[PDB]
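Trainee: Please find one structure pasted underneath; my questions will follow.
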Amino acid sequence: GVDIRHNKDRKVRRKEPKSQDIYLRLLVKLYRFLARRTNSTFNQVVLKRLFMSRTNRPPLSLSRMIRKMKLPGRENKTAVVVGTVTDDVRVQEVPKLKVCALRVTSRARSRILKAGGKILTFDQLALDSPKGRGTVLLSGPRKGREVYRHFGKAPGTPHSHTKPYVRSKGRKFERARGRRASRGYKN
Amino acid sequence: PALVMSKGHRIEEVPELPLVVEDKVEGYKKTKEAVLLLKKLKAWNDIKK
Amino acid sequence: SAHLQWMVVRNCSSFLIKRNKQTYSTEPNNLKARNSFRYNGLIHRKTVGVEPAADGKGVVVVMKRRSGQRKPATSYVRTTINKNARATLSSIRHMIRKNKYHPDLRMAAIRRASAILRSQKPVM
Amino acid sequence: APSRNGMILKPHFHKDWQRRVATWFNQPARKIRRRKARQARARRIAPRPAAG
Amino acid sequence: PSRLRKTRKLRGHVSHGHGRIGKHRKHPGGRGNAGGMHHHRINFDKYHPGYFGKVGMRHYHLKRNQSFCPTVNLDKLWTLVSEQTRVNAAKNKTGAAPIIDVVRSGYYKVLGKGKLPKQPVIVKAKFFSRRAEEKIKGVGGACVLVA
Amino acid sequence: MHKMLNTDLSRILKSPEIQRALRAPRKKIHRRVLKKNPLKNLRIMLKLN
Amino acid sequence: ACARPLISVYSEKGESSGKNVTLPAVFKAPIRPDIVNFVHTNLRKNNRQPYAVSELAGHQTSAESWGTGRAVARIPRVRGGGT
RNA sequence: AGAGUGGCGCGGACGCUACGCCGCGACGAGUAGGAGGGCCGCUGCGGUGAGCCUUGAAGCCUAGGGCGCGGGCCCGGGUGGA
RNA sequence: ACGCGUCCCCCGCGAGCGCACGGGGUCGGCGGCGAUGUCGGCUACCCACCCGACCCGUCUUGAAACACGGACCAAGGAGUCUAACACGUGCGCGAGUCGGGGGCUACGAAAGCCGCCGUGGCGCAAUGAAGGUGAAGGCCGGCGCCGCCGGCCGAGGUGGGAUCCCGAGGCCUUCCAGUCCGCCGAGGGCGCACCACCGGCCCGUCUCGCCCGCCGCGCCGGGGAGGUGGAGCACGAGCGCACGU
RNA sequence: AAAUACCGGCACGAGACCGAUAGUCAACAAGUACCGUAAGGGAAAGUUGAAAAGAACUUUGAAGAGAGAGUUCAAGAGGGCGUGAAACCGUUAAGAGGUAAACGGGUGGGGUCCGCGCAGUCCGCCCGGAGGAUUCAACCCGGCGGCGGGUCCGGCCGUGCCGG
């Protein structure tokens, strides 16, 4: 008898994506070939972002995209964005770029085609840089959802900065006893 | 064209067209004229099946 | 286009068999009735079909031309070879090698032609 | 067995609501009936418009 | 989906996933909010405290029509008006400020959060914040009130 | 919009632009070796010593 | 893709005609069978008539259980009933 | 497995259902309860097998065979007539 | 331990062969018996003999129990739906989505369209019972000096950090200087997501004094600094449907 | 008067509803038969043969009940007559009987029947004995198809560019 804890014997990460589409799976099986042949970590990170689904990635914003492009040290250098780039309306000036992504919204596509940007697919990017020669690998900010206000410390507790599940906030909903100092106590 | 053979239709009778016929098809008012049009277009085996 | 529709064909089709742990395809261009991507002629541009004739006289060959994209009938052309097995397999090997038309399935076409001539050989 | 942190509600199902059941069976029937009544009214008033 | 449930996989069980001793009975604890002060006090007051009691003046005949007042920011001010005005604002060398009506968009109070490009526009709204007024007087633009 | 333009993965992989800088495929099957006893067997002990 | 071939529209008698019309872009559309199958299973359910079992059957006949004993298995049985 | 500037012949297997293949190692108990897979089965709906048969459809028995680690299936013999 | 043209402390290709304790069984060795009862029968029919062998479900820590119910068999037969949620997964567009109500055109109570039918829900802005308010700033001159005339930069800073960029140079052929391409690398940064803190701003309120404003010069109105509390800002992300727990 | 409700009745149509212990309790002379002094309660129940061609004729026996014939494709459909399941009983054949009975493992013996075994797969290449087929290397004529007419020509296409 050997005392081996068999709890963490199988890795809980995905071996295949749960989505059912024919255009994504062929690209996934091609990046399997590229990740097993190329020794670089670039194709492995691209493959792992192909494992992470829509719920596992945040939507990237155009304002933060331009803000990260304003950083130095990336002049004349393309950025490979895996997730979707949503249009942000709080922008006025935009230079020419080379945007390559899965899904770009129509207002952002109109702005890029007005500025003079060449939108290309991932197959020509893989032909240009298989190992990732001359690319910037970026990811969106994950702290951009409503549920993060509910994560963390439990409410009804002193110093708990967490939004409780209230059906409707107002003047009488959860105000008298637990909030006031006169009516009983407060936390 | 492979999905038509996977469904099971007789694809051999049409030589080359994603079939578009002239505007005089609606002018026919006879089943014998319809059968004659199907024999001229050779697409009779799919209905014989 | 090529690898895209194969995932749709392999899911549901009338020619595919699912019984007695035997997953195979029964397409007429599919030689040896084996379900694979290499064993297909409908999707690929180059198509080689080894079939017996209506009578028991040799092997008919169904060749596919360059212009065949949406043509079911007028793309393919039929010819009939009625000779002995040695010169028949030699002519098929010359068609595969010297004409440079689909040099992939060489031994399988040889075994298929041998099985077809063994089948159309008259019974004792 | 009440669960963890979530919303709270007052489900008004203590009464016998199976007695008073009125679900939408005749939505397209009422639409076709109003359509035929409007066409009959439009055929009734011949010089007058639909609005009036 | 009856075949896509756990009730087909759990065929051949005594209590159907409800323990050997403590079976799935009718009401072990109570019905709804039964005993909220005695023994469900630990359940309710730890997660959601504050509901027990009165607060404020009881406003009986309340209406949301007078209380409805949405706000608008200076950052999304150019998003409402088309792009030809943004061309003409840079084209104007004299400084003819275009008229941007907030009542047409359906907002009353104008606040200031983000960056505004340095060119004057005419803003016609009902309310104006003091810091947004300072930004308008710093950049360029008027503040026409409306009744 | 389409997700990919040139839908021919074999034509993509047979291109020289990818196949220029790649590693060689290690196509060699390695089965397990039967560990013979060097105390009993003679010329295995001569090999490793 | 963006490249679209030319279609020779045939006549009704069988032979080809002289009119040639450019192929539309619908014939080069991306294929998605999952959404088609989902809308198929929705629309095949959206033309189905409901059915019902008579609710009053069972509560019209009155009964009363005697309880334990009396050679019964604690089932409400028929009172009287000389048949 | 580099590249340049100078002193007789007409031949060679399996492979690749890439949701497939096998290579090298570790382990095999476990109720309640949770997770995954069933080419396990019943009855219905939309298509499909140029599906089946009064020269035997379905259902019932069997000292006959084999397929399975299993939920089950196939024909040999009797009833049987859609 | 075994030709020499090339550095001493010191007296870069030879051709053939036989057999193998050399990466998991072979024979280039054999013998019998078989056409009217013999040959094979593990699966299945019966019997004999050896070992083990308390009657199935419930209860409780503990049941085969002198604890409970059970004569046998065919058929029937016991976590289902709506509403509201917490989480996970798939699609669509995206600061928008949603026609679920209304109107227009046998199967088809199918289906198509509306956009001046988006009336309306949700959310991109919080804090107060309310009167209400509302979510950066910095640099340089005119002025030991407050207020304002001007210009410029702009959504903060530090540390740990995926991967890219540059490269001290290196990567062998009778000879040597010697070109672009390819691979690796001493070392240095822009620093992705994420974590830790310091920040700055808003709202209700406490303390402290001062500066401003006027068609309506006061028990007026605005502002500054340090704390306290906030489901806050720190550069959107949700909406509509289908399934499971 | 107008758009609102309909579970009973008058005429129908349709169904991813059920199929003789199911479906309205009632598919048939069903609130019918029946029970209670009464307000009341409340059943069981389909499938001959396409066609009755429903068995004439002989005999036993008082008749009941048998034994031969006839009809039909078949009585294998015999007046409670679609097919013929188990629990239960008996008969024909086989096996065992002083530690109720049976099962799990190892085999042993006898038969049930199955192997259509009882003179036993062969296949590619070379050579020889006598063979047969006007039959091959090689060369003209006609037809079809592919590599690439590199750098022959012109149209077509491009979510390409520059314009009128």
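Going by Swiss-Prot, the residues shown for chain C are 2-125, listed in order.
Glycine residues also receive a Cβ, built from the backbone N, Cα and C atoms like all the rest.
Pulled from Swiss-Prot, these are the listed features:
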CROSSLNK  C:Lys58  SUMO2 cross-link
CROSSLNK  C:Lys65  SUMO2 cross-link
MOD_RES   C:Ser2  N-acetylserine
MOD_RES   C:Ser115  phosphoserine
Trainee: Among the recorded sites C:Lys58, C:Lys65, point out the residue whose Cβ has the most other Cβ atoms within 10 Å, with all shown protein chains included in the count.
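Mentor: That would be C:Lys65, with the highest Cβ count within 10 Å.
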Trainee: Given the modified residues C:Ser2, C:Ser115, which one is most crowded in terms of C-beta atoms within 10 angstroms?
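Mentor: Answer by Cβ density within 10 Å: C:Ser115.
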Trainee: Which one is it, among the recorded positions C:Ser2, C:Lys58, C:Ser115, that lies nearest to C:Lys65 (SUMO2 cross-link) by Cα separation?
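Mentor: So, spelling it out, the nearest of the recorded positions is C:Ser2.
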Trainee: Taking DSSP as the reference, which of helix, strand or coil describes the residue listed as 'N-acetylserine'?
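Mentor: SS state of the residue listed as 'N-acetylserine' = coil.
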Trainee: Using a Cβ-Cβ cut-off below 8 Å, which of the recorded positions C:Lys58, C:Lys65, C:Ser115 are near chain F?
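Mentor: Near chain F - Cβ to Cβ under 8 Å - we find none.
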Trainee: Would you mind reading off the Cα separation of the residue listed as 'N-acetylserine' from C:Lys58 (SUMO2 cross-link), to the nearest angstrom?
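Mentor: Pair distance, Cα basis, whole Å: 38 Å.
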